[PDB]
$ cat upload-v2.pdb   # PDB, C-alpha atoms and all ligand atoms
ATOM      1  CA  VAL A   3      -3.271  -8.704 -11.727
ATOM      2  CA  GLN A   4       0.512  -8.439 -12.297
ATOM      3  CA  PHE A   5       0.740  -4.593 -12.352
ATOM      4  CA  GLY A   6      -1.646  -4.486  -9.398
ATOM      5  CA  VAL A   7       0.530  -6.912  -7.497
ATOM      6  CA  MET A   8       3.568  -4.789  -8.353
ATOM      7  CA  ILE A   9       1.776  -1.659  -7.127
ATOM      8  CA  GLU A  10       0.868  -3.325  -3.804
ATOM      9  CA  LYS A  11       4.397  -4.638  -3.199
ATOM     10  CA  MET A  12       6.033  -1.292  -3.981
ATOM     11  CA  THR A  13       3.594   1.177  -2.318
ATOM     12  CA  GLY A  14       1.919  -0.605   0.641
ATOM     13  CA  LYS A  15      -1.458   0.456  -0.817
ATOM     14  CA  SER A  16      -4.132  -1.539  -2.528
ATOM     15  CA  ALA A  17      -3.940  -1.523  -6.367
ATOM     16  CA  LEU A  18      -7.448   0.014  -6.349
ATOM     17  CA  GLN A  19      -6.015   3.230  -4.815
ATOM     18  CA  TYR A  20      -4.010   3.897  -7.978
ATOM     19  CA  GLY A  21      -6.421   2.474 -10.524
ATOM     20  CA  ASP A  22      -8.627   5.461 -10.612
ATOM     21  CA  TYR A  23      -6.407   8.340  -9.482
ATOM     22  CA  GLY A  24      -6.168  11.863 -10.883
ATOM     23  CA  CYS A  25      -6.590  12.389 -14.619
ATOM     24  CA  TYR A  26      -4.245   9.633 -15.939
ATOM     25  CA  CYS A  27      -4.268   6.601 -13.600
ATOM     26  CA  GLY A  28      -6.732   4.117 -15.087
ATOM     27  CA  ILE A  29      -7.858   3.702 -18.692
ATOM     28  CA  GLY A  30      -6.998   6.649 -20.974
ATOM     29  CA  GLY A  31      -6.566  10.169 -19.708
ATOM     30  CA  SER A  32      -6.640  13.780 -20.772
ATOM     31  CA  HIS A  33      -5.860  17.313 -19.602
ATOM     32  CA  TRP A  34      -3.158  18.269 -17.093
ATOM     33  CA  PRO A  35      -1.935  15.742 -14.467
ATOM     34  CA  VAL A  36      -3.011  16.657 -10.949
ATOM     35  CA  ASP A  37       0.247  15.813  -9.147
ATOM     36  CA  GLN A  38       3.488  13.769  -9.366
ATOM     37  CA  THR A  39       1.654  10.423  -8.893
ATOM     38  CA  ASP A  40      -0.622  11.332 -11.812
ATOM     39  CA  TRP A  41       2.443  12.209 -13.914
ATOM     40  CA  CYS A  42       3.668   8.619 -13.234
ATOM     41  CA  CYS A  43       0.453   7.476 -14.929
ATOM     42  CA  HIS A  44       0.825   9.901 -17.857
ATOM     43  CA  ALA A  45       4.357   8.484 -18.427
ATOM     44  CA  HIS A  46       3.045   4.898 -18.071
ATOM     45  CA  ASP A  47       0.391   5.562 -20.752
ATOM     46  CA  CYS A  48       3.135   6.929 -23.019
ATOM     47  CA  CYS A  49       5.232   3.827 -22.240
ATOM     48  CA  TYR A  50       2.391   1.513 -23.293
ATOM     49  CA  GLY A  51       1.950   3.611 -26.467
ATOM     50  CA  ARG A  52       5.605   3.011 -27.362
ATOM     51  CA  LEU A  53       5.119  -0.733 -26.793
ATOM     52  CA  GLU A  54       2.024  -0.760 -29.019
ATOM     53  CA  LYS A  55       4.062   0.912 -31.788
ATOM     54  CA  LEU A  56       6.659  -1.920 -31.442
ATOM     55  CA  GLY A  57       3.922  -4.537 -32.082
ATOM     56  CA  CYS A  58       3.274  -5.434 -28.434
ATOM     57  CA  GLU A  59      -0.085  -5.614 -26.650
ATOM     58  CA  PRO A  60       0.917  -4.262 -23.207
ATOM     59  CA  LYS A  61      -2.686  -4.113 -21.936
ATOM     60  CA  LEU A  62      -2.822  -7.897 -22.370
ATOM     61  CA  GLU A  63       0.785  -9.055 -21.849
ATOM     62  CA  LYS A  64       1.466 -11.365 -18.894
ATOM     63  CA  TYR A  65       4.967 -11.273 -17.359
ATOM     64  CA  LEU A  66       6.965 -12.528 -14.372
ATOM     65  CA  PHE A  67       8.633 -10.545 -11.673
ATOM     66  CA  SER A  68      10.200 -10.663  -8.264
ATOM     67  CA  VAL A  69      10.952  -8.032  -5.649
ATOM     68  CA  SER A  70      14.079  -8.357  -3.503
ATOM     69  CA  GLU A  71      16.416  -5.893  -1.748
ATOM     70  CA  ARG A  72      18.127  -5.277  -5.137
ATOM     71  CA  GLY A  73      14.784  -4.123  -6.610
ATOM     72  CA  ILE A  74      12.291  -5.339  -9.195
ATOM     73  CA  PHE A  75      13.521  -8.057 -11.510
ATOM     74  CA  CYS A  76      11.503  -8.480 -14.722
ATOM     75  CA  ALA A  77      11.169 -11.682 -16.762
ATOM     76  CA  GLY A  78       9.110 -13.342 -19.445
ATOM     77  CA  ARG A  79       9.277 -15.677 -22.405
ATOM     78  CA  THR A  80       8.896 -12.831 -24.913
ATOM     79  CA  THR A  81      10.495  -9.435 -25.366
ATOM     80  CA  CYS A  82       7.019  -7.813 -25.320
ATOM     81  CA  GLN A  83       6.326  -9.364 -21.888
ATOM     82  CA  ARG A  84       9.644  -8.055 -20.587
ATOM     83  CA  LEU A  85       8.973  -4.568 -22.070
ATOM     84  CA  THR A  86       5.574  -4.453 -20.402
ATOM     85  CA  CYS A  87       7.238  -5.364 -17.082
ATOM     86  CA  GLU A  88       9.746  -2.513 -17.599
ATOM     87  CA  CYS A  89       6.972   0.066 -18.170
ATOM     88  CA  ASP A  90       5.131  -1.220 -15.078
ATOM     89  CA  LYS A  91       8.331  -1.245 -12.971
ATOM     90  CA  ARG A  92       9.088   2.354 -13.860
ATOM     91  CA  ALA A  93       5.517   3.350 -12.928
ATOM     92  CA  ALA A  94       5.524   1.393  -9.670
ATOM     93  CA  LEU A  95       8.895   2.922  -8.671
ATOM     94  CA  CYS A  96       7.509   6.321  -9.590
ATOM     95  CA  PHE A  97       4.481   5.713  -7.332
ATOM     96  CA  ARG A  98       6.764   4.706  -4.445
ATOM     97  CA  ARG A  99       9.060   7.708  -4.985
ATOM     98  CA  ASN A 100       6.021  10.033  -4.778
ATOM     99  CA  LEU A 101       4.259   8.509  -1.714
ATOM    100  CA  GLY A 102       5.024  11.769   0.124
ATOM    101  CA  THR A 103       2.528  13.704  -2.053
ATOM    102  CA  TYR A 104      -0.045  10.955  -2.708
ATOM    103  CA  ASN A 105      -3.400  12.544  -1.779
ATOM    104  CA  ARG A 106      -6.497  10.453  -1.023
ATOM    105  CA  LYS A 107      -8.679  13.247  -2.442
ATOM    106  CA  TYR A 108      -7.383  12.372  -5.965
ATOM    107  CA  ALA A 109      -8.447   8.736  -5.744
ATOM    108  CA  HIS A 110     -11.658   8.293  -7.825
ATOM    109  CA  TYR A 111     -11.226  11.778  -9.143
ATOM    110  CA  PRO A 112     -14.244  13.015 -11.177
ATOM    111  CA  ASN A 113     -12.956  13.243 -14.729
ATOM    112  CA  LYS A 114     -14.991  16.421 -15.241
ATOM    113  CA  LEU A 115     -12.449  18.150 -12.954
ATOM    114  CA  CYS A 116      -9.612  17.437 -15.401
ATOM    115  CA  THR A 117      -8.797  20.768 -17.076
ATOM    116  CA  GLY A 118      -6.085  22.423 -19.123
ATOM    117  CA  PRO A 119      -3.961  21.135 -21.969
ATOM    118  CA  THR A 120      -2.855  17.518 -22.524
ATOM    119  CA  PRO A 121       0.938  17.266 -22.161
ATOM    120  CA  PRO A 122       2.665  15.349 -24.988
ATOM    121  CA  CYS A 123       4.681  12.185 -24.329
TER     122      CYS A 123
HETATM  123  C1  LIG B   1      -2.417   2.462 -12.095
HETATM  124  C2  LIG B   1      -3.208   1.848 -13.257
HETATM  125  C3  LIG B   1      -3.007   2.128 -14.552
HETATM  126  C4  LIG B   1      -2.035   2.995 -14.973
HETATM  127  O1  LIG B   1      -0.875   2.951 -14.553
HETATM  128  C5  LIG B   1      -2.356   4.133 -15.951
HETATM  129  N1  LIG B   1      -1.309   4.876 -16.285
HETATM  130  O2  LIG B   1      -3.480   4.319 -16.405
HETATM  131  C6  LIG B   1      -3.896   1.380 -15.274
HETATM  132  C7  LIG B   1      -4.204   1.206 -16.598
HETATM  133  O3  LIG B   1      -3.474   1.898 -17.536
HETATM  134  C8  LIG B   1      -3.460   1.509 -18.945
HETATM  135  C9  LIG B   1      -4.294   2.544 -19.701
HETATM  136  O4  LIG B   1      -4.402   3.695 -19.215
HETATM  137  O5  LIG B   1      -4.784   2.182 -20.798
HETATM  138  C10 LIG B   1      -5.241   0.331 -16.991
HETATM  139  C11 LIG B   1      -5.955  -0.370 -16.042
HETATM  140  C12 LIG B   1      -5.616  -0.168 -14.720
HETATM  141  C13 LIG B   1      -4.624   0.673 -14.357
HETATM  142  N2  LIG B   1      -4.189   0.943 -13.121
HETATM  143  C14 LIG B   1      -4.839   0.299 -11.863
HETATM  144  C15 LIG B   1      -4.797  -1.103 -11.705
HETATM  145  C16 LIG B   1      -3.632  -1.730 -12.140
HETATM  146  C17 LIG B   1      -3.488  -3.098 -12.040
HETATM  147  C18 LIG B   1      -4.489  -3.880 -11.496
HETATM  148  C19 LIG B   1      -5.658  -3.286 -11.046
HETATM  149  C20 LIG B   1      -5.858  -1.892 -11.129
HETATM  150  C21 LIG B   1      -7.124  -1.377 -10.647
HETATM  151  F1  LIG B   1      -7.841  -0.814 -11.694
HETATM  152  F2  LIG B   1      -7.920  -2.339 -10.104
HETATM  153  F3  LIG B   1      -6.948  -0.525  -9.733
HETATM  154 CA    CA B   2      -4.231   6.191 -18.103
HETATM  155 CL    CL B   3       2.884  18.018 -10.138
HETATM  156 CL    CL B   4       7.955   5.474 -19.020
HETATM  157 CL    CL B   5       8.431 -11.890  -5.392
HETATM  158 CL    CL B   6      14.263  -1.753  -9.008
HETATM  159 CL    CL B   7      -4.021  11.796   1.891
HETATM  160 NA    NA B   8      12.527 -10.447 -29.736
END
$ encode --input "upload-v2.pdb" --output "structure tokens"
Amino acid sequence: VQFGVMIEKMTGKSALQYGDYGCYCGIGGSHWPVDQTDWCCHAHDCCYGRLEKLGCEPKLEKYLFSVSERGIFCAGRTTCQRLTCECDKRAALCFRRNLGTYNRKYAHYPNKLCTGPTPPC
């Protein structure tokens, strides 16, 4: 809900249009990212991994945020909530920054088409 809301506010698209994009947007991921938007998702997965290693549960954490002219402001009772917001913010900004190359053909991309090596974090 929260990340999805952040995606919608920052990109003008439905959350669903990122949730299953390329080889990395959506649960898990493998092989080489298809484009810059997909790289945002690779980085976001790495970000969540770092949070998991710190003892957080970023897949489950609920946080608070606002969007003004100054940008995305993150908040939350716990440090783990705020960290999760920071990973999400970076991803949502990355999506916005790459709207110019977003390609509808990579939404709901068949995972069978993901080829090549898996880049490290
Ligand atoms: C873009 C994205 C994700 C990523 O950024 C990613 N790197 O995989 C993502 C996600 O990533 C965490 C993971 O890969 O384990 C899990 C579920 C939905 C996700 N979505 C889509 C999403 C996000 C919030 C609310 C709804 C949706 C959905 F799936 F409906 F589109
Ligand atoms: Ca992923
Ligand atoms: Cl690329
Ligand atoms: Cl990151
Ligand atoms: Cl707001
Ligand atoms: Cl910002
Ligand atoms: Cl397009
Ligand atoms: Na703390």
$ resolve_selection --input "upload-v2.pdb" --expression "the PyMOL selection byres (((not hetatm)) within 9 of (chain B and resi 3))" --output "ChimeraX atom specification"
/A:35-41
$ write_last_selection --input "upload-v2.pdb" --atoms "C-alpha atoms" --output "PDB file, in the frame of the given file"
ATOM      1  CA  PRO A  35      -1.935  15.742 -14.467  1.00  0.00           C
ATOM      2  CA  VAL A  36      -3.011  16.657 -10.949  1.00  0.00           C
ATOM      3  CA  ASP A  37       0.247  15.813  -9.147  1.00  0.00           C
ATOM      4  CA  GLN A  38       3.488  13.769  -9.366  1.00  0.00           C
ATOM      5  CA  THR A  39       1.654  10.423  -8.893  1.00  0.00           C
ATOM      6  CA  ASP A  40      -0.622  11.332 -11.812  1.00  0.00           C
ATOM      7  CA  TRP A  41       2.443  12.209 -13.914  1.00  0.00           C
TER       8      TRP A  41
END
$ closest_residue --input "upload-v2.pdb" --among "A:73, A:78, A:6, A:51" --to "ligand NA 8 (chain B)" --atoms "all atoms listed in the file"
A:78
$ residues_around --input "upload-v2.pdb" --residues "residue A:63" --least-positions-apart "5" --cutoff "8 Å" --atoms "all atoms listed in the file" --output "ChimeraX atom specification"
/A:58,82-83,86
$ resolve_selection --input "upload-v2.pdb" --expression "the PyMOL selection byres (((chain A and resi 100) around 10) and not hetatm)" --output "ChimeraX atom specification"
/A:13,37-40,42,94-99,101-104
$ closest_atom_pairs --input "upload-v2.pdb" --of "chain A" --to "ligand CL 7 (chain B)" --cutoff "7 Å" --atoms "only C-alpha atoms and all ligand atoms" --output "JSON lines"
{"residue": "A:104", "atom": "CA", "partner": "B:CL7", "partner_atom": "CL", "distance": 6.1}
{"residue": "A:105", "atom": "CA", "partner": "B:CL7", "partner_atom": "CL", "distance": 3.8}
{"residue": "A:106", "atom": "CA", "partner": "B:CL7", "partner_atom": "CL", "distance": 4.1}
{"residue": "A:107", "atom": "CA", "partner": "B:CL7", "partner_atom": "CL", "distance": 6.5}
$ residues_near_ligand --input "upload-v2.pdb" --ligand "ligand NA 8 (chain B)" --cutoff "10 Å" --atoms "all atoms listed in the file" --output "VMD selection string"
chain A and resid 79 to 82 84
$ closest_atom_pairs --input "upload-v2.pdb" --of "chain A" --to "ligand CL 6 (chain B)" --cutoff "8 Å" --atoms "only C-alpha atoms and all ligand atoms" --output "tab-separated table"
residue	atom	partner	partner_atom	distance
A:69	CA	B:CL6	CL	7.9
A:72	CA	B:CL6	CL	6.5
A:73	CA	B:CL6	CL	3.4
A:74	CA	B:CL6	CL	4.1
A:75	CA	B:CL6	CL	6.8
A:91	CA	B:CL6	CL	7.2
A:95	CA	B:CL6	CL	7.1
$ resolve_selection --input "upload-v2.pdb" --expression "the PyMOL selection byres (((not hetatm)) within 6 of (chain B and resi 4))" --output "mmCIF file with C-alpha atoms, in the coordinates of the input"
data_model
loop_
_atom_site.group_PDB
_atom_site.id
_atom_site.type_symbol
_atom_site.label_atom_id
_atom_site.label_comp_id
_atom_site.auth_asym_id
_atom_site.auth_seq_id
_atom_site.Cartn_x
_atom_site.Cartn_y
_atom_site.Cartn_z
ATOM 1 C CA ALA A 45 4.357 8.484 -18.427
ATOM 2 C CA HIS A 46 3.045 4.898 -18.071
ATOM 3 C CA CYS A 49 5.232 3.827 -22.240
ATOM 4 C CA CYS A 89 6.972 0.066 -18.170
#
$ axis_aligned_box --input "upload-v2.pdb" --around "stretch 70-88 of chain A" --padding-each-side "3 Å" --output "lines of an AutoDock Vina configuration file"
center_x = 11.9
center_y = -9.1
center_z = -13.6
size_x = 18.6
size_y = 19.2
size_z = 29.6
$ residues_near_ligand --input "upload-v2.pdb" --ligand "ligand LIG 1 (chain B)" --cutoff "8 Å" --atoms "all atoms listed in the file" --output "count of residues only"
31
$ closest_residue --input "upload-v2.pdb" --among "A:88, A:116, A:8, A:15" --to "ligand CL 5 (chain B)" --atoms "all atoms listed in the file"
A:8
